[PDB]
Structure formats: C-alpha cells, structure tokens
Amino acid sequence: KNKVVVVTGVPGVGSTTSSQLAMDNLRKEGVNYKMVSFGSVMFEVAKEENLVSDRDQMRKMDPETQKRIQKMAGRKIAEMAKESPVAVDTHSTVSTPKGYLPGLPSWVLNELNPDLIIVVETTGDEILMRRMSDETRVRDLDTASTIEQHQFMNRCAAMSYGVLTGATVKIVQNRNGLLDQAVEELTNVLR
Amino acid sequence: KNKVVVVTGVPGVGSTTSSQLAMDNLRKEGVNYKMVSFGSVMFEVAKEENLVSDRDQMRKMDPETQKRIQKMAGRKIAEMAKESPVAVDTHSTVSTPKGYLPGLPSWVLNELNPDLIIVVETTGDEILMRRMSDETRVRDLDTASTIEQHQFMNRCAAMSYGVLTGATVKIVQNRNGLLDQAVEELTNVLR
Amino acid sequence: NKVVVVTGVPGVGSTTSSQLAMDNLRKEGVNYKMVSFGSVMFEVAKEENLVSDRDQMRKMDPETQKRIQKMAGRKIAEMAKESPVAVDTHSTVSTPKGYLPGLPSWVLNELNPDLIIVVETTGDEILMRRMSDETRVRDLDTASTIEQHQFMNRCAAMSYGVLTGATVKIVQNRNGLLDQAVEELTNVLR
Ligand SMILES: Nc1ncnc2c1ncn2[C@@H]1O[C@H](COP(=O)(O)O)[C@@H](O)[C@H]1O
Ligand SMILES: Nc1ncnc2c1ncn2[C@@H]1O[C@H](COP(=O)(O)O)[C@@H](O)[C@H]1O
C-alpha cells in the first residue's frame, strides 16, 4: 500500500506552508508526495453546486451538507491514494457554528487509512496575531483561549484516528521565528 | 430522520438547566425538542430491582451492572430517535469509584446516532462552589482540580463519540452570573 | 474475569505500583496474572517463527506487526478464561514519528478490557526520576514533552474506554506518596 499522510493544523498555524516546504526538501532526495488539499477537493464540489463562493464559507454550511461534501471528498482522495503516496492537507476537526466537526469521521478515516497524522501547533497568541494580519482569507478572529480549545479537541480527535487505524500522531510546534526548526522536524517525520 | 442531540456536563455545571431554557426559547419559534433524561430511562430499572434507591449512587452499584442498565436504557431512547427532535440529557463519562465510565459506548452510541454533542463547562472553582450549596443532591468530596480532570476526559470522550458518529462537538461555557450567555449560545446551536 | 490494562509513561512507576497492589490483593483471594503486552507479542511472534530475538521485533513490517498484535490479544483473552489479567502496557509510545497507539482497535477487540488504568505524576518528577537513572540521561525530554505525552496518553486511554466500554482510572503516583497510589490501585483492581 502507498503511504498516506494527513497534515493538520488550525487556520493560521501554518501547517500547510511548513509541510509543503518540508516536502519540497524531500523531493530533492527521492521522496515524493502527492500533496492534496481536502479543502480544495470539497471546495470544487461545493462551488460546483453553487453552495459557496470561497473555501472559507464551507464550515458555515449546516453539518449535514458539510458531511456529505466531506464523504465525497473522501472517496476522491481515497482513489487518489491508489496511484502514489499521498500527503493530505486537512483538519483534525473543523470549527463550525454547531461545534467541532471531526475532519476524518469513521468512514473517511477508513477510506484514507492514514499511516501518519501530523498536528502542527503553536500558541493561541501567535495564531491570533497571524490571523490578524492575514487579508488573504476570512478568519474567525477568536481569542487565544478559543484557539487553544480548538487545538485541544484536535489532539483528542487526532489521537482517536491513531487508535482506530494504528496511525502514529506527530505533534510539531511551528513557532514564530522558528519555521526552520518546524520544517526540519516535519521533513524527518515525513521522510 | 429526527435530529438527535446529546447534552452533557458534569454535575453542577447546570447543563440540564441551561439547555432546557434554550429549548423553551426554541419552542416559541417552531422547533420543539423532546427533552429526555437518559438518567431517568436509566433509573426506572435500578429502582425496580432495588439495586439503586437513590439516583445518586447508580454510578457505584457495580461496574458490571450499571453498564448493563445502560445498554437497555439506550435501546429505549433509540426508539424516540424515530419520533421528532430529541435532546438526550446524559453524561460524556460518569465519575465512578472505578474511574470514568463512558456514557455513550460503541453500542449505545450507534443506537442514538446523534448529530450534535453538547458539552457544558465552567471552571472547577465555580462548579465546586455550586455543589457546596446543593443538598437535594450529594456528590461533594471533589476538588476544583478533580472536576477539571473529569471535564478533561469528558472532552476526550465527547470528541471520540464525534469521530465515530460524524456528530459535531460543541463546547459551551456556562459561567457564574452569565446564564443568559450560555442560554443564547445553546439556543443557537440547538436550532 | 476482569481484563485490566495498566499504563504510564516510562519512569512513572506504573508497573511497580500495580505489582505492589496486586500482591496486596493476592493475600485477599484476588489473583491477577500480570503480563507485559510487549512480552506477549514477542512470545507469540517467536512461537510462530516470525522472529528469533526481540531485536527483530523492530524489523517487523506493518502487516506482520498487526498480525502479532492480534495474536497477543487472542492469547491474553485466552488467559482471561483462567483468571483476572493485568496487561502492563503503554497507552501510546513516544517514537520519533510521533505517538504510537499501544493498543490499536484490532487489539482492543481481542482484549475486551474492563478497566484502563493511567498512572501519572508531574513532568518534573518524571524527569527527575529519569535523570538519576543510569540508562536514561540522553533522551532530550523536558517536563513539557512528558506532559504532552501524558496528555496524548489520556486521549488514547479515553478512546480505549469509548471503544470497549471500559472505565478509565487516572491515578497519581507522586514522590513520597507511593503508599497512597498503591492503596488506590489496590482499590480499583479489587
Ligand atoms: N476533513 C475535512 N472535513 C470537513 N471539512 C474540511 C475537511 N478538511 C478541510 N475542510 C474544509 O475546507 C475548508 C478550507 O480548507 P483549508 O484551506 O485547509 O482551511 C475548511 O474551513 C473546512 O470547511
Ligand atoms: N449515559 C450514561 N451512562 C452511564 N450512566 C449514566 C448515563 N447517563 C446517566 N447516567 C447515570 O444517571 C445518574 C444521574 O443522572 P443525572 O441526574 O443526569 O446526573 C448518573 O450519576 C449516572 O450514574
């Protein structure tokens, strides 16, 4: 079976860019990853259905709809994993008006059957401040505490995925002024 | 077909009080939840078999007895899950002398198959303080920290239930002097 | 017969604390067969000629390790028929690739545990204990990383109970307070 890696982090923690940088590094040494964005895969389906204009509105849809578009996005990537080792960029849980939506519910977890789950964190202070200057996307500008709460539930969910699939769960800190350290750590676990 | 909701909280956090007020609010606008107490559907049995006379000692009768009066208790509520909007007042985990007992183990969970799991919290100081002025119930011997620990594990359990069922997990603070704030939030998520 | 999982990070003394407690129960009529899950894995893997030395236990590929885990679980479930069993193991093992579940769902289904015990203490005391130990003086862990491991161990433990219905008991085993931990363990295992 092809390696399936799940990378997660709350919006603004920089899990996407730091993992991308790590995978650019591993490319230069023979390691290849099919970087997939779970969010983009379901965004294309949600936009195609005229439900959303931008990716940041999907978590505002009612759970029933989010889970349906989630189920679909799952099959897409599961089929995508059949050709090469996949690095799925996504979320341990999504913060919706109805609460934390598990990003990899029972059935999706089984489709993807990941070997590794990476959780990229940092402090809520840094995450708020980063979201504060980011004009590229629509963030929820919560409090450092709310962001910590989200990271708390992400750990819980991530560890559940690990217990169900046997996947290992890696927690990596991506702190301000320390991206290099984060990239090195991510590169080693993904190698 | 009917929206099933699980409302949880440690004793004294007032999860029942607050969510009920929210459901009263939603009645005046159409939404009419049927408030059912798992703690009642699961008490009619213990009181019958003379296992438990007082509701506040079911979590101590026997780990191999309360887990048995739980399974059937859920099978009965699994029925109303085929009626109309149902709100199940129960516990994420019950603090028994043998440890934290999951309130929605795999079996019971599949019956209810909830859409939303609500976790009502507040600081250990406030919960401990509320308990100390309550006599119609007895469960005081804990500390602000043991209460936090229980809430810690309740978050974990709740999220695992979410992962297994696809349900969203909503955490609501019900802080002293701010019941109106909690009620507003509960009203919005329950809609 | 009760199947019990005893966990704790290295250095917390979960194994020794549990043993003292099980001895105390022995002198009371309750007899627990204490086994290490890792040892059981090696035994069954050696019995079916998958391995010869415990050194090769690391070289096992994902498929064979899963098989060995099921075999260990089936074996322990076999022991359960004869007496209460205490499986000494790790909720998660802190590896370079992250936290590895000690008891994946496929093992949980075989074990059907009734109680998961989680023994803890502060990161400071755990690091202190490890430093005054001849073997571990070059692991680079801090009180914080140990707290993080204990955090993930709690989530894994709670997930174990959610999937099996077992109760999860957290027990503090603090410096100078061993007797108290032993009494608690003695009471939860009784
Ligand atoms: N596993 C998932 N389950 C449900 N929704 C997801 C999942 N992964 C990503 N998303 C959604 O995609 C949106 C944008 O993705 P992202 O660019 O990674 O923030 C998120 O806000 C979520 O609504
Ligand atoms: N889902 C559940 N699983 C096991 N016990 C429960 C559950 N829900 C309620 N109870 C029991 O009912 C007792 C009283 O219910 P409550 O009035 O809601 O605090 C608790 O102490 C528990 O023993």
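Looking at the PDB entry, one finds chain C named adenylate kinase, with Methanococcus voltae as its source organism. For this entry, the PDB title field holds "Adenylate kinase from Methanococcus voltae". Here chain C is described in UniProt, under the heading Subunit, as follows: "Monomer." Heading Sequence similarities of the UniProt record for chain C holds this comment: "Belongs to the archaeal adenylate kinase family."

As recorded in the PDB entry, chain A goes by the name adenylate kinase, listed as coming from Methanococcus voltae. Chain A has a UniProt comment under Sequence similarities that states "Belongs to the archaeal adenylate kinase family."

Chemist: A description of the interface of chain C and chain B should follow, citing residues and the corresponding values.
Modeler: At the junction of the two partners, chain C supplies 21 residues and chain B supplies 20 residues. Between chain C and chain B, roughly 1700 Å² of surface is buried when both sides are summed, and carbon and sulfur atoms account for 64% of that area. The interface formed by chain C and chain B holds 0 salt bridges in total. Linking chain C with chain B are 7 residue pairs in polar contact, by the criterion used here. Sorting the residues of the side of chain C that touches chain B by element identifies α6 (143-164), β7 (167-172) and α7 (178-189) of chain C as the ones contributing at least two each. The greatest single-element share of the side of chain C that touches chain B, amounting to 9 residues, is contributed by α6 of chain C.

Chemist: So what's going on with the site of ligand 2? Which residues, and what values?
Modeler: Residues and elements named next belong to chain B. Contacts to ligand 2 come from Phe-38, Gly-39, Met-42, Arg-55, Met-58, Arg-59, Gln-70, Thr-90, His-91, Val-94, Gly-103 and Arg-137. At a separation of 3.0 Å, an oxygen atom of ligand 2 approaches a polar side-chain atom of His-91. Relative to its free-state accessible area of 490 Å², ligand 2 is covered by the protein chains to the extent of 93%. Split into classes, the residues belonging to the shell around ligand 2 amount to 4 nonpolar, 5 polar and 3 charged.

Chemist: Lay out the UniProt feature "binding site: ATP" in chain C in plain terms, naming residues and giving numbers.
Modeler: Residue and element names in this part refer to chain C. Taking the UniProt record as the reference, the feature "binding site: ATP" is found at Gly-8, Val-9, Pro-10, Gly-11, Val-12, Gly-13, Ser-14, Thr-15 and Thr-16. Along the chain, the position of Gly-8 falls in the loop between β1 (3-7) and α1 (14-26). Accessibility expressed as a relative area gives 10% for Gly-8, which makes it buried. Contacts of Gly-8, omitting those with residues within four sequence positions, involve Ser-14, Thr-89, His-90 and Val-119. Residue placement: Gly-13 occurs in the loop between β1 and α1. Its relative accessible area of 23% is what places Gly-13 among the partly exposed residues.

Chemist: Pulling in residues and values, what's your account of the relation of the copies chain A and chain B?
Modeler: Mapping chain A onto chain B calls for a rotation angle of 119 degrees and an axial translation of 0.1 Å; the resulting RMSD is 0.6 Å. Look at the turn and shift together and you get a three-fold axis relating the two. Residue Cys-156 of chain A of chain A places its C-alpha closer to the rotation axis than any other residue of that unit, at 3.1 Å. A low fraction, 18%, of the interface residues of chain A reappear at the interface in chain B, so the copies pair through non-equivalent surfaces.

About the thresholds
Numbers on residues come from counting from 1 along each chain's written sequence, not from the entry itself, and any residue without coordinates is not displayed. To read the labels, note that chains go from A and ligands from 1, taken in the order they are written. Neither water nor hydrogens contribute to the side-chain values; these are computed over all heavy atoms in the structure. UniProt positions are given in the numbering used here, feature names are shortened, and annotations may be inferred rather than shown by experiment. Should any heavy atoms of two residues lie within 4.5 Å, those residues are considered in contact. A quick way to say it: buried area is the sum, across both parts, of accessible area lost when two parts are put together, with a 1.4 Å probe. Salt bridges, as used here, are contacts in which a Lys or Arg side-chain nitrogen is within 4 Å of a carboxyl oxygen on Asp or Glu. In the analysis that follows, any N or O atom pair within 3.5 Å is treated as a polar contact, provided that within protein one partner can donate a hydrogen and the other can accept it, and provided that, for residues neighboring in sequence, both atoms belong to side chains. The helix and strand labels rest on DSSP assignments: H or I over at least four residues marks a helix, E over at least two residues marks a strand, and numbering proceeds from the N terminus. Throughout, the term near means that a residue has one or more heavy atoms lying within 4 Å of the molecule or strand in question. For the accessible areas, the method is Shrake-Rupley and the probe is 1.4 Å, while residue cover comes only from the protein chains on display. Throughout this entry, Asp, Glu, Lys and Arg are counted as charged residues, while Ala, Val, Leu, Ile, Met, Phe, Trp, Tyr, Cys and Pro are counted as nonpolar. The remaining residues, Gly among them, count as polar. Burial status follows relative accessibility: with a 1.4 Å probe on protein chains alone, a residue under 20% of its type maximum counts as buried, one over 50% as exposed, and anything between as partly exposed. A least-squares fit, run on the C-alpha atoms, superposes the copies.

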